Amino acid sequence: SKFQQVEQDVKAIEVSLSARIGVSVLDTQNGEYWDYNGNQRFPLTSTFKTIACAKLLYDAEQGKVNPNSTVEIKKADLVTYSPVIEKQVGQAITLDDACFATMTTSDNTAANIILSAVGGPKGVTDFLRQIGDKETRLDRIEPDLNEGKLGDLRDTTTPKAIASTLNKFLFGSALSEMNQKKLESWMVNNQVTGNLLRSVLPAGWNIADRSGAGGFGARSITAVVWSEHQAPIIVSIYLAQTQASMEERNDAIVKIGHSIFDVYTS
């Protein structure tokens, strides 16, 4: 009953936006969890980027790759929306800087550069299986992975699976404390989600997030929020197959986020 208002708000949105919507909330402090369509599948879109960069750090720890090695940027590699990389054609960028780029701006070419360095979609998926995520899967690179068609299993996750995976990445021991802080900082320094959860975040709270937008109205966000008096809470919100405008989909996320935060601020 704690999340009753949240459920009601999610139900109103699924009606008004005639959409498929899923939410998962994990309270690390007391081991509590709640979801609505938490086992349903939704397109990952840019929320996968966190996984690719987490794998870069993991692979680096094992010595599979040097995060400081550079990769040559060529004009033919450029894909839609690559603000950081489009200014560095003819130059070399380190894998670490490519992760900073894609995590803070969602730069798509930067994401493909990371994918080519960590075994591509197949390597990413195998990594997910190893950490215990049995649902999430990456199958294509940018931009094709954003198709978001109903029933397509490619490049999807469930609100609960990705929430659990983010929990392990940042608070488990798969990554060193150093790499956990690095991954966290990349999410904390995200520059492109000001109109989502950050806009309704309680005074004094912190947030590490990664969002996504794709075909057929796909919109989502995976975040971790916390404060001096509030242990980490993982939030996963996904919308799919809706004709709603981007503003309406952002509105949905801020309304749901607001209700979720209220559970803890009240």
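One rule holds for the numbers: they count along the sequence shown, beginning at 1.
* Higher average CA B factor in the deposited record is what I'm after, so tell me if that's 38-46 or 222-230. => Higher mean C-alpha B-factor: 222-230.
* Asked: Looking only at CA atoms, which has the higher mean B factor in the entry: 123-131 or 70-78?
  -> Comparing 123-131 with 70-78, the higher mean C-alpha B-factor belongs to 70-78.
* **Residue with highest C-alpha B-factor in the PDB entry, from 211, 236, 199, 29** => Most elevated C-alpha B-factor of the set, per the entry: 29.
* Given 148, 194, 83, 159, the residue at which the Cα B factor reaches its maximum -> Highest CA B-factor of the listed options: 148.
* Which third of the chain holds residue 240 when residues are ordered by C-alpha B factor: lowest, middle or highest? -> Ranked within chain, residue 240 CA B lands in the middle tercile.
* Ranked C-alpha temperature factor of residue 153 among modelled chain residues, by third -> Ranked within chain, residue 153 CA B lands in the highest tercile.
* In terms of the CA temperature factor given in the entry, to which third of its chain does residue 207 belong: lowest, middle or highest? -> Residue 207: CA B-factor falls in the lowest third of its chain.
* Using the B-factor values recorded in the entry, state whether the Cα atom of residue 91 falls in the lowest, middle or highest third among the modelled residues of its chain. => It falls in the top third of the chain.
* Asked: Would the CA B-factor of residue 101 place it in the lowest, middle or highest third of its chain?
  -> Its C-alpha B-factor belongs to the lowest third of this chain's values.
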